[PDB]
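In the block that follows, a single chain appears as C-alpha cells, in the form deposited in one PDB entry.
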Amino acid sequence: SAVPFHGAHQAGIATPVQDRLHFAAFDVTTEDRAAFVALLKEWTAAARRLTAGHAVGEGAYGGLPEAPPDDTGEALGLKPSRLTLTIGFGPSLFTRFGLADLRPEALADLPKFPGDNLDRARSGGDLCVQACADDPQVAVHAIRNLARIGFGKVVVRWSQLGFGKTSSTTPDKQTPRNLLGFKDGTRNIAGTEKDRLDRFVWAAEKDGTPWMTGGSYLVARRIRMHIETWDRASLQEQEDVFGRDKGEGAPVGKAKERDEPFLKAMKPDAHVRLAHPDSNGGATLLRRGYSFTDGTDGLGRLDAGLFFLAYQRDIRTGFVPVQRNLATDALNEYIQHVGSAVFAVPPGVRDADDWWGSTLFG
C-alpha cells in the first residue's frame, strides 16, 4: 500500500509500476538560488507526508479558521495508494543559479527526428514531478499541493494524466495493452534486474558527473496515435507493423508472448525489429510509460496515445540511438510525437535530513 520514499535511488523508476500517472513540468520564476533551495526543502518535507498518505503541513482542517489550510484536502480519507514522487531537472534549469558547468553531458538535447511535430507549449520545462499512484486523485492532489507550495517560485508549464492497468481487477503478471490493442512491456528492464539497472539505467560515478551518481536520465514523449486510421487497418497489417501477433503477443513464428523473437522473421521495418537492442548495438531502455486519452479534438478524433517515458544511464546511448533507428518504423504511419522533454533525475533522498537536489546544490 505504500512505497518507501527514502533510498539510494528515487522511487518511481525501478519500483512496481502503479496504475495511474500525473506528470507535471514546472518552470522556475525566481532568480534567487537560496529561495529555490528553500522550496526544494519544503517540497521534500511535503513529499514525505504525501507518500505516507498524510496531509501536508499542519493539515487540511482543524487549524486557525482565519488561515487557508495547509493541505487542499481532496485526498482526505484515501490511502497512500503506492504514491511515488520523482523529481527531475531540465536542461534549462542549468542556465539559472550559476549551474551551467554542472549540467551533465549525459543530459543531451534531443535532435529533431523525422516526423516530429512538437508543441512547444507541451515540451521542455525547468523541472518535472512524476506522480504515480493507484488512485488518480492521490496523484492529482500531490501535484496540486506541490504547485501551491511553490507558487511565486514555480509555475506549471504542462501536465499530463495517464493510465496503465487497474490492479484491483487485473493480475500483476499480465502484460497491459496499449490503445492500439497490443501488449506493451513484454521485453523491458524489470525492477528486479539489479544488474541490468546498474548497466543501463543508473548513473555511475565514473560516468563524469558526480552529483548524479545513483540518478538516471528521463526522456518524455507525448505520442499521439491516429486511432481511427489504425482501426481501419487489417489485422495482418497491424501485426506486420509490430512483428508480434495481437492476441497472444508472441513474436512472429513463435507460440508464446515471452518466446524470444527471431528478428529475421519480422519485416525489416517492423517496430520490434528496429527497437530491439540487437539492432542498436546493445542499447537497452527502461520503459515506464502510460496511456492517455484527453478527449476529442475539433474534428471528432480521439486525442489519445502513449505518454512514453524512458529511463536510461545516458540519453546519448539509450533513447537517441533507438529513436534514430525508428526513422523507417512501419508504426510511423499511425503515430506522431507532439511533445518532448528530457530531465536529469537526481539520486534518492537518503534519510529524513536529506532533500531533493542536495547533491547538486549542497
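Only residues modelled in both forms are compared. Throughout, we count residues from 1 along the sequence that is shown. For the two forms, the rigid core is made up of the largest set of C-alpha atoms that agree within 1.5 Å on superposition.
For the pair 181 to 189 and 162 to 170, the mean B factor over Cα atoms is greater in 162 to 170.
For the pair 57 to 65 and 312 to 320, the mean Cα B-factor is higher in 57 to 65. Each of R148, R222, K112, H141 has a CA temperature factor in the record; the biggest one is found at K112. In this structure the maximum Cα B-factor among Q130, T72, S216, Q236 is found at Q236. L360 sits in the middle third of its chain by CA B factor, as recorded in the PDB entry.
Sort the modelled residues of the chain by CA B factor and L197 lands in the middle third. In the deposited entry, the Cα temperature factor of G98 sits in the top third of values across the chain's modelled residues. In the PDB entry, a CA B factor belonging to the middle third of its chain's modelled residues is recorded for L39. When the modelled residues of the chain are ordered by their C-alpha B factor, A45 lands in the middle third.
Form deposited in another entry: not shown, discussed below.
With the rigid core aligned between the shown form and the other one, the listed residues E205, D101, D172, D278 include just one Cα displaced by at least 2 Å, namely that of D172. Residue displacement note: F262 has its CA displaced by under 2 Å between the shown form and the other one (rigid core superposed). With the core held fixed, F113 shows a CA shift below 2 Å between the shown form and the other one.
In the other form, the separation between the C-alpha atoms of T170 and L179 grows by 3 Å or more relative to the displayed form.
Expansion of the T166-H54 CA spacing by 3 Å or more is recorded in the other form, set against this form.
163 to 172 is the sole run of three or more consecutive shared residues whose C-alphas all shift by 2 Å or more between the shown form and the other one after the rigid core is superposed.
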